[PDB]
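A short write-up of the structure that comes next.
Proteins come first, then strands; the chains are lettered A, B, ... in the order of their sequence lines, and each starts at number 1. Just follow the structure's listing: the first ligand is 1, and inside any ligand the first atom is 1. For the numbers below, each heavy atom of this structure counts, side chains included, while hydrogens, waters and symmetry mates do not.
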Amino acid sequence: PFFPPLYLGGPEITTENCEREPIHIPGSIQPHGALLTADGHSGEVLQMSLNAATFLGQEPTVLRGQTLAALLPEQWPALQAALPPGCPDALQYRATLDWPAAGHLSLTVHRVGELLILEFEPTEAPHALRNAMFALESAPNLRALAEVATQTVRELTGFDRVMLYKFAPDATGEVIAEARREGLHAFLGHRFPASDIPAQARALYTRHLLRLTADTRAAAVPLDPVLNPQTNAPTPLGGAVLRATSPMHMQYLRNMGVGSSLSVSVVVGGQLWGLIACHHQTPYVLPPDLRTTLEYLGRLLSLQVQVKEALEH
Amino acid sequence: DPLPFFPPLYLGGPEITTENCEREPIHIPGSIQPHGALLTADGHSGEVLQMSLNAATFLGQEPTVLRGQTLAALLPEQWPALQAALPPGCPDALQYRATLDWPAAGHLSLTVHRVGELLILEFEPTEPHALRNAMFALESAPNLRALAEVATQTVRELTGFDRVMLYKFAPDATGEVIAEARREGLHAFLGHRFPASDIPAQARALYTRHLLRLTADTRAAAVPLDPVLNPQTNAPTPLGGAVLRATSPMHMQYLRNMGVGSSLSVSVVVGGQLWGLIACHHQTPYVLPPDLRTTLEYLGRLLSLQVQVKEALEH
Ligand SMILES: *C/C=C1/C(=C/c2[nH]c(/C=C3[NH+]=C(/C=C4\NC(=O)C(C=C)=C4C)C(C)=C\3CCC(=O)O)c(CCC(=O)O)c2C)NC(=O)[C@H]1C
Ligand SMILES: *C/C=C1/C(=C/c2[nH]c(/C=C3[NH+]=C(/C=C4\NC(=O)C(C=C)=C4C)C(C)=C\3CCC(=O)O)c(CCC(=O)O)c2C)NC(=O)[C@H]1C
């Protein structure tokens with residue numbers, strides 16, 4: 001099963017109970033964005049991140065009464081149609097708001113049962129993606145495909161280190177390709193145990209395909225209330241990319257000397273084949289539109305891995 | 001019966017009838033569609049060899065001036081990028097794309113690929129979260145039918161085409177329309193089937209390697225290359241990788257007879273085989289700009305993946 005989260009007086013996490021940390025319900029988010037939850041029917045704002053006032057420019061109480069209808073007039077019917085009751089928690093809808101306080105915000109919404117989860121992040125506003133797609137497809141074998149993928153991602157993102165991390169049948173991981181800035185250690189060829197990416201995180205990574213830590217020294221921002229009014233239970237944040245990263249996992253990034261980290265799931269035959277895994281030495285908020293490019297690349301790599309593995313077997 | 005290609009018309013080959021369908025060398029027509037321009041150049045020196053006859057009007061230069069310069073001089077910023085992206089021996093399927101600001105012609109999209117020692121350069125005029133939203137909707141579709149319907153509707157919304165069909169191949173290479181989105185008033189093609197020589201054998205092979213092709217105006221005359229043969233080889237210039245390549249006159253008559261002014265299609269490739277086609281019709285001529293066509297190319301790949309996934313959920 002899982003332990004209760006901390007804020008419901010559950011046990012603190014060790015290297016003895018790695019598998020039972022409830023990574024999906026931390027009750028908090030990373031501070032480079034803001035999150036609201038809301039009722040599926042009424043559009044009634046039920047929870048907000050204590051930092052919402054910053055991003056939205058709204059007097060705190062104003063929000064926690066109001067309706068999405070009021071708050072987001074153009075958007076609220078689109079949401080209603082895009083995310084019908086009963087849809088999967090994996091389905092997401094995005095829009096760009098030109099919002100008074102903040103030039104442009106990206107809005108990302110998904111639905112978990114009766115709750116809409118809304119994420120707001122700063123945003124903005126060429127051929128590198130098309131060029132990359134063809135490059136991946138003409139790679140002659142899996143090894144070269146891995147090399148092209150890591151190089152392409154590094155060029156698109158500027159990340160200090162991009163790796164392709166492949167899982168063995170026992171969930172033992174191996175860095176099979178790597179693109180990195182001059183003057184970093186080389187993780188190429190190294191294997192790491194299966195507990196370094198524990199079972200409950202690999203399951204989540206099979207369904208929700210992109211996650212990040214923007215700053216491995218930043219404090220999480222609580223949800224208020226912490227419990228969902230609807231249920232008097234924890235809000236599932238598994239499908240939110242603003243969800244706080246497990247402190248057990250940020251301690252392992254800090255000990256490695258990484259200040260920023262992103263990964264994309266490569267999913268083949270319904271299973272987690274491997275990860276595009278990115279490091280930055282310093283804090284780094286990759287903007288939403290560039291993340292989208294990596295999300296596309298994730299799908300394309302999933303296709304090409306199968307194609308390429310089929311021409312060996 | 002499968003038989004080798006006839007020589008093209010310009011090398012004294014025969015004219016194409018319903019008898020010799022499968023033998024038209026559709027990859028070497030010696031000509032392009034008039035909404036863009038094409039140059040060929042030597043892959044090592046960058047000497048310009050062939051150009052479409054309309055090139056002066058896209059590029060704003062006399063032929064003899066174009067042909068008298070190397071790509072190093074014509075494309076000083078792109079020439080080194082081309083050479084890195086398209087190394088000798090690379091496959092003909094690999095494409096490099098850039099946007100140019102050309103004085104006379106505005107923003108041009110440049111698409112380049114390499115066939116042996118030849119570079120092929122295509123120039124076309126070029127111009128929010130719809131793709132991301134579509135990607136997730138496709139993935140959440142519960143079964144093959146719902147996927148097919150979401151895919152057709154999405155493509156129609158992105159493009160404005162009068163008709164978008166998912167056209168699936170059977171094992172005998174007959175095809176059937178299994179989903180479609182269509183303009184009000186058009187008759188349905190849903191569930192109709194069509195014989196295997198409707199898209200014959202030398203076109204299905206080409207459609208497994210080069211995944212997008214189009215006919216922007218089913219009545220437009222093709223524009224010859226000049227000279228027609230590659231001076232490197234005194235042989236035909238391979239154009240199967242060029243979206244500008246003229247369409248078969250037999251295929252253009254087939255669309256005209258259906259009342260179609262513009263046709264486009266994307267290949268859906270599963271396990272190395274052509275599974276189907278995203279097929280679009282418009283009743284009037286219609287040019288879809290290169291950046292919009294890129295969205296369809298990306299959806300072609302997504303759909304190939306999702307078709308595998310939906311079919312595996314099915315035994
Ligand atoms: C007590 C459990 C431990 C643990 C937990 C844990 N790990 C993740 C996610 C990841 N761990 C990774 C480990 C590595 N990073 C590397 O660079 C290498 C090798 C070169 C390894 C082996 C990776 C890559 C991930 C994926 C996420 C990412 O890329 O940022 C989680 C889930 C965290 C979350 O969802 O927020 C958890 C709970 N990690 C351990 O090492 C042990 C001590
Ligand atoms: C003897 C010659 C024949 C012939 C040749 C031919 N056909 C193609 C390509 C296509 N034919 C298609 C036929 C259909 N269009 C539809 O709308 C339906 C059903 C609803 C069918 C069955 C299609 C869809 C294509 C693909 C191109 C496109 O999407 O428009 C070629 C190759 C063209 C080229 O590469 O330039 C050739 C040579 N087809 C015949 O029926 C006979 C007359």
- request: Apply side chain to side chain donor-acceptor pair (under 3.5 Å) to the pair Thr37(A) and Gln47(A), showing each step before the final yes or no.
  value: CA-CA 5 Å; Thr37(A) 70; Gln47(A) 303 167 285; 3.1 Å; yes

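A salt bridge is defined here as a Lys NZ or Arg NE, NH1 or NH2 lying under 4.0 Å from an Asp or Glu carboxylate O, and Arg145(B) with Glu149(B) meets this definition.
Relative ring orientation between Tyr254(B) and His251(B) is described as parallel, the plane-to-plane angle staying below 30° on a 0-90° scale split at 30° and 60°. Between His280(A) and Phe159(A), the ring-plane angle classifies as perpendicular under the 30° and 60° cut-offs. Using a 30° and 60° split on the angle between ring planes, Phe2(A) and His24(A) fall in the tilted class, from 30° to 60°.
Surrounding CZ of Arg183(B) are at most 12 heavy atoms belonging to other residues, nucleotides or ligands under 6.0 Å away.
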Check ligand 1 against the protein and report each N/O to N/O distance under 3.5 Å, formatted as atom name, atom name, distance.
{"from": "ligand 1", "atom 1": "7 (N)", "to": "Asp196(A)", "atom 2": "O", "distance (Å)": "3.1"}
{"from": "ligand 1", "atom 1": "11 (N)", "to": "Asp196(A)", "atom 2": "O", "distance (Å)": "2.9"}
{"from": "ligand 1", "atom 1": "17 (O)", "to": "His279(A)", "atom 2": "NE2", "distance (Å)": "3.1"}
{"from": "ligand 1", "atom 1": "30 (O)", "to": "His249(A)", "atom 2": "NE2", "distance (Å)": "3.1"}
{"from": "ligand 1", "atom 1": "30 (O)", "to": "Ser261(A)", "atom 2": "OG", "distance (Å)": "3.3"}
{"from": "ligand 1", "atom 1": "35 (O)", "to": "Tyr205(A)", "atom 2": "OH", "distance (Å)": "3.2"}
{"from": "ligand 1", "atom 1": "35 (O)", "to": "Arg243(A)", "atom 2": "NH2", "distance (Å)": "2.8"}
{"from": "ligand 1", "atom 1": "36 (O)", "to": "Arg243(A)", "atom 2": "NH1", "distance (Å)": "3.3"}
{"from": "ligand 1", "atom 1": "36 (O)", "to": "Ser246(A)", "atom 2": "N", "distance (Å)": "3.4"}
{"from": "ligand 1", "atom 1": "39 (N)", "to": "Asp196(A)", "atom 2": "O", "distance (Å)": "2.9"}

